[PDB]
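All chains are named by letter (A, B, ...) in the order of the sequence lines, taking the proteins before the strands, and each is independently numbered beginning at 1. As a basis for the values below, the full set of heavy atoms in this structure was taken, side chains included, without hydrogen atoms, waters or symmetry mates.
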Amino acid sequence: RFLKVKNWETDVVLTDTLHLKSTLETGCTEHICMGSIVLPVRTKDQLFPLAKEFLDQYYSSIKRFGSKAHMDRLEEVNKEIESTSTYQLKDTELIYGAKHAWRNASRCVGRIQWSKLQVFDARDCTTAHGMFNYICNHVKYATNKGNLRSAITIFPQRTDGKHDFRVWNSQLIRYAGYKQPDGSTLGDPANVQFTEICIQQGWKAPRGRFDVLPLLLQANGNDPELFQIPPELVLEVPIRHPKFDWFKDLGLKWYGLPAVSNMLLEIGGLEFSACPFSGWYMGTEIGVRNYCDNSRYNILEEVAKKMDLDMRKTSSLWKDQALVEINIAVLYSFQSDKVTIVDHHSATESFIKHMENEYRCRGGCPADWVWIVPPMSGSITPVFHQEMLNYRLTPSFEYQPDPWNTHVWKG
Amino acid sequence: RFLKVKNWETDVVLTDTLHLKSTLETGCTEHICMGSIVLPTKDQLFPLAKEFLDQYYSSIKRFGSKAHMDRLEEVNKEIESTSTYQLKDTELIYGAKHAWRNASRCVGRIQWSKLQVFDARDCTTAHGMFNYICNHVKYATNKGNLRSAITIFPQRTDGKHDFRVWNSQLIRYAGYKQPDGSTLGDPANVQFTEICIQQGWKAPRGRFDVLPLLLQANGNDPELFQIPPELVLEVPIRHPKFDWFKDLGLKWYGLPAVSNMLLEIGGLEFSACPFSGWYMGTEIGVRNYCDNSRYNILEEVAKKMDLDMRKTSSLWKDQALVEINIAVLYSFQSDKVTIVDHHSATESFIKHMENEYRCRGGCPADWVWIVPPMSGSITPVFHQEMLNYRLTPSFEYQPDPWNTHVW
Ligand code: HEM
Ligand code: HEM
Ligand SMILES: Cc1cc(N)nc(CCc2cc(N)cc(CCc3cc(C)cc(N)n3)c2)c1
Ligand SMILES: Cc1cc(N)nc(CCc2cc(N)cc(CCc3cc(C)cc(N)n3)c2)c1
Ligand SMILES: [Cl-]
Ligand SMILES: [Cl-]
Ligand SMILES: [Cl-]
Ligand SMILES: [Cl-]
Ligand SMILES: [Zn+2]
Ligand SMILES: [Zn+2]
Ligand SMILES: [Zn+2]
């Protein structure tokens, strides 16, 4: 079966066949679409087909499907599963797997870059101190003095589910949030709960607006431990505006390296519960979401006020005007300090090119429109009018519960 | 079988029970989400009729009453004998209001129950259709103080006697391909414009030529009619800060009136059912003016503002976009023509949605269409999870009649 998507701006029609290789579930049924819902120990038995499906894909990609080396590897994995209940990936399979999880990441507009991922294999890691060292190296390598490079660091896989490696931080680098007695928040409200955990664990909180959180690292199912990322490794950019001289006096800065550390990487049935990965920012992630969400730094009012906009009626589009100026400021600051950043026009244009190429060469490109369309100016970017098909290919990145809800403490 | 939606800005969580009444298909499967796709017998009729009449009698607190039973019997009898049935006026008004209520892509539904329904089931000719439409337009326009309305033509019978309004909206501007290679007017209407020329229309060949109505009664060949110009309220577009904005020569019409959809009530199919409300500002300023395949004026506006168009990262497209939208809202307000901005419209919808959750147990909504085409994230709908499903009565797409019609 073939599925058609249409672009309503250009009338270009593409044909998807890759959806036939789809696996997991969307949450949707013929009766209900869950397209806008944010989130809607394995047996030997369920594991070998998963392994096989993965290794069949791996060996096709290297043009060795059905080769002696292919069968030998299937047999080797099969026996290892039977006698040990799990199996180890070759380095080459791991690299390929992490790259494909990104390639398959339907919410990611940045996928044109998928093949250039630097994979750091941390499967020899055994302690939280080991994790900390691996994470510092990742940070330094990815940052590259502002010339950012994609990377992922992969810690040992789940075994019985009692010995998990986890990074408790949702991102490697993020700012503390502190709820005050008066009900206000200092710093980033997204991180209040995790900040409190850190404090409870012994972190001495500076209690400022932009305090870099410490890492909270769990190795081998042990209790997690606190570590400070060396400050010289944390690249940050003061935010200023090219024409508004008062913008700098807002006191804003952001970190250059977005590094997601709470997701789970699934390859060939194996579960990597600590697999921090990083790229670089699209400007609206900072300018629209991090600054302008009401549940975040919430700076729209303060900026529009300084701009002396008419704020008595929403219909002046004062919020829209301020939003734009803030995003201009974020891009200007990054570019001036020579830190890699991408504007939403540029990122979406790239993504459409990526997507068309994927249809030709791969037979599809699963994509979640709700996430792909940028959070401002949606319609004047080339993704808005692009029909997309969302489905789940493995290898993949998945959500997992926050470890503070599931962890068994030892003391 | 009891579904939760979260708002990620407020943490508020809501429970949907209304979806277990969902009926038609989404296009999606367990394996694949088609959420961003724009278009994904007597035996048939009676269950549909019964399903409808049951919800009607439930709504007027009369479920399982004699009058409920007898109506079900009456309709059953009429289907057996006639192969169809006629709605009571009360059923028609409820069906129409509920079709709007159930429109999952419409942000403006807080108004659903105030719809003014014009029953045009006695219409027999295209001239009749024209009279009914002019009346609808004048009533809805109301000298700028817009009121929602629908006008309902006779229902489908055998499918070779369909009433259709061939236009997509009652009021729209002509589209012309020029020897130049380019497009004068609205590129969205190029094809339909040629059908007008082909059927005899004297096109003025301007940028904002209000198209003639092209009407099909009783499955007959369609006919041309021009709406009285004094009934088409238009608004010149100016900016409250930029004096030069007027010289772009821009105007838009005040009345948005979708005329190409099909209204399904209790299995009955109303192929001609133009309905109208009033504009959300972004519809004109973002879509109609700024889509590349529409009036596409972004480049021109940015030039006038003297922005640096050398690189995308100056956000010149975004600056111009905002300004254009400010000017649309300003111009409509100054001429006292109803219009809503996207902040106001989405806040109203969030109020409505919560109302529907507590009183009806749910509100089908399609996030892809509900989130405005600019500044999505700073409106309260962006962070609102929504459930999309099909309830009946409904509005449905139907194919363009020139592909269907035989002469
Ligand atoms: C290199 C430049 C990259 C850019 C510009 C980029 C951009 C984005 C954006 C903008 C989003 C979510 C929409 C939003 O935040 O507004 C996103 C989501 C995501 N990205 Fe990428 N990304 C990049 C690299 C990567 C890498 C290296 C990976 C993994 C190896 C990755 C995996 C993901 C995943 C799994 C999501 C969905 C997250 C979730 O569901 O919460 N991205 N990306
Ligand atoms: C009263 C003011 C109204 C407002 C502000 C409004 C707003 C909107 C908007 C903004 C959209 C599409 C999203 C976009 O254009 O960006 C839409 C779609 C729609 N509206 Fe409403 N509307 C109104 C009245 C009505 C009425 C009176 C009806 C029917 C009685 C209706 C039925 C629909 C339907 C069926 C769609 C989807 C059209 C399609 O799928 O192509 N609306 N509305
Ligand atoms: C590796 C990488 C690089 C890069 N540049 N950006 C990312 C994504 C990071 C991200 C982090 C958070 N906290 C939230 C979102 C979207 C939150 C969201 C989006 C939508 C569309 C709806 C909703 N409710 N929430 C995305 C990853
Ligand atoms: C009665 C009524 C009142 C009112 N104020 N507005 C309307 C909507 C009319 C409308 C007409 C057209 N041609 C296109 C769209 C959206 C086109 C669109 C939206 C999205 C989200 C994606 C896509 N591809 N196309 C909407 C109806
Ligand atoms: Cl972020
Ligand atoms: Cl968000
Ligand atoms: Cl329109
Ligand atoms: Cl559109
Ligand atoms: Zn779906
Ligand atoms: Zn947000
Ligand atoms: Zn558009």
Side-chain angles (χ1 to χ4, degrees), chain A residues 31-32, chain B residues 1-3 14-25 41-104 106 109-122 148-157 262-271 273 275 352-364 387 389-396:
Chain A
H31 282 187
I32 200 143
Chain B
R1 208 109 136 77
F2 227 89
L3 290 176
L14 294 171
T15 316
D16 179 297
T17 52
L18 175 64
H19 78 278
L20 296 165
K21 282 90 163 293
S22 73
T23 197
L24 304 146
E25 311 279 26
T41 334
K42 295 173 176 185
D43 314 27
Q44 314 164 130
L45 189 53
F46 193 61
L48 294 172
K50 177 172 191 299
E51 182 196 32
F52 173 72
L53 294 174
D54 286 356
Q55 49 171 109
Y56 181 69
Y57 277 87
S58 183
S59 72
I60 67 166
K61 303 199 299 145
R62 258 183 156 23
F63 186 95
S65 63
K66 200 102 223 297
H68 178 201
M69 296 308 93
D70 296 344
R71 158 96 288 215
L72 227 52
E73 173 79 347
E74 181 172 50
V75 161
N76 201 49
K77 264 166 188 175
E78 187 176 334
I79 292 168
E80 289 283 335
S81 271
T82 60
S83 87
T84 189
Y85 74 104
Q86 300 298 318
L87 292 174
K88 301 295 180 199
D89 301 353
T90 60
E91 294 161 2
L92 188 77
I93 289 153
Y94 171 93
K97 280 183 188 187
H98 277 71
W100 182 11
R101 207 191 184 163
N102 300 334
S104 73
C106 184
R109 285 177 272 174
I110 188 164
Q111 291 285 315
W112 70 272
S113 65
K114 297 172 187 303
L115 188 66
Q116 176 62 232
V117 182
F118 295 113
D119 183 355
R121 291 175 294 163
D122 66 0
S148 301
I150 179 163
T151 295
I152 303 160
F153 293 104
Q155 71 210 36
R156 172 165 296 145
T157 48
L262 185 150
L263 169 52
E264 189 193 315
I265 304 160
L268 300 178
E269 290 188 319
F270 298 94
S271 44
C273 65
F275 52 85
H352 172 65
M353 176 178 175
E354 305 167 341
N355 286 332
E356 297 286 80
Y357 267 88
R358 55 177 181 79
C359 300
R360 210 194 177 184
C363 184
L387 292 168
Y389 50 93
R390 312 246 293 195
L391 299 174
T392 198
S394 58
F395 296 103
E396 301 298 347

Atom pair [atom1]/[atom2] of [X] and [Y] - distance to nearest 0.5 Å:
X        : Y        : atom1 : atom2 : result
B/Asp119 : B/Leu92  : CG    : CG    : 5.5 Å
B/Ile265 : B/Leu53  : CD1   : CG    : 11.0 Å
B/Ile79  : B/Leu45  : CD1   : CG    : 4.0 Å
B/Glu73  : B/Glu78  : CD    : CD    : 12.0 Å
B/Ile110 : B/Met353 : CD1   : CE    : 13.5 Å

Would you confirm whether [X], through its side chain, and [Y], through its main-chain N or O, come within 3.5 Å as a donor-acceptor pair?
X        : Y        : answer
B/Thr41  : B/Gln44  : no
B/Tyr85  : B/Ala49  : no
B/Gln155 : B/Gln86  : no
B/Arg390 : B/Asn102 : no
B/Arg71  : B/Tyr57  : no

Might you point out which heavy atoms bring [X] and [Y] nearest each other, and give the distance in Å?
X        : Y        : value
B/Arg109 : B/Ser104 : NH2-O, 3.2 Å
B/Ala149 : B/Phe118 : CB-CE1, 4.0 Å
B/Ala96  : B/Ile150 : CB-CG2, 4.2 Å
B/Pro393 : B/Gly95  : CB-O, 3.5 Å
B/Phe52  : B/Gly266 : CB-CA, 3.4 Å
B/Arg360 : B/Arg101 : NH1-CD, 3.5 Å

I'd like to check [X] versus [Y] (side-chain heavy atoms, cut-off strictly below 4.5 Å). Are they in contact?
X        : Y       : result
B/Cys363 : B/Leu18 : no
B/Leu72  : B/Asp54 : yes
B/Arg156 : B/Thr84 : no
B/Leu391 : B/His19 : no

Salt bridge B/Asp89-B/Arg121, side-chain N to carboxylate O under 4.0 Å
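Result for this pair is yes, salt bridge flagged.
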So does B/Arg358 pair up with B/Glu354, basic N to acidic O under 4.0 Å?
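Here B/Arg358 does not pair with B/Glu354 in a salt bridge, since their nearest N and O are not under 4.0 Å apart.
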Take atom NZ of B/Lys42 as the centre, draw a 6.0 Å sphere, and report whether it contains more than 12 heavy atoms from other residues, nucleotides or ligands.
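It does: B/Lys42 NZ has more than 12 such atoms within range.
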With a sphere of 6.0 Å drawn around NZ of B/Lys50, does it hold more than 12 non-hydrogen atoms of other residues, nucleotides or ligands?
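Open: at most 12 neighbouring heavy atoms sit under 6.0 Å from NZ of B/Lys50.
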Test log, rule side chain to side chain contact (heavy atoms under 4.5 Å, CB included), inputs B/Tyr357 and B/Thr15
CA-CA 7 Å; B/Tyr357 267 88; B/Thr15 316; 5.8 Å; no
Given B/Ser148 and B/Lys114, is the side chain to side chain contact (heavy atoms under 4.5 Å, CB included) satisfied, shown in steps?
CA-CA 7 Å; B/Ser148 301; B/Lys114 297 172 187 303; over 6 Å; no
Determine the interplanar angle of the B/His98 and B/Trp112 rings, folded into 0 to 90°, and report it as parallel if under 30°, tilted if 30 to 60°, perpendicular if over 60°.
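Because their plane-to-plane angle is over 60°, the rings of B/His98 and B/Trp112 count as perpendicular.
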Given side chain to side chain contact (heavy atoms under 4.5 Å, CB included), test B/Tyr56 with B/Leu87 step by step and report yes or no.
CA-CA 11 Å; B/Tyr56 181 69; B/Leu87 292 174; over 6 Å; no
Partners passing side-chain contact (heavy atoms from CB on, under 4.5 Å) against B/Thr157 (at least two apart in sequence or in another chain):
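For B/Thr157 the side-chain contact (heavy atoms from CB on, under 4.5 Å) partners, ignoring immediate neighbours, are B/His161.
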Tell me if the centroids of the rings in B/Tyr389 and A/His31 come within less than 6.0 Å of each other.
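No.
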Would B/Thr392 and B/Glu264 count as a side chain to side chain contact (heavy atoms under 4.5 Å, CB included) here? Give the steps.
CA-CA 7 Å; B/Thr392 198; B/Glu264 189 193 315; 3.8 Å; yes
Side-chain donor-acceptor pair present, B/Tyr94, B/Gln55, cut-off under 3.5 Å:
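A pair is found: one side chain offers a donor N or O, the other an acceptor, under 3.5 Å apart.
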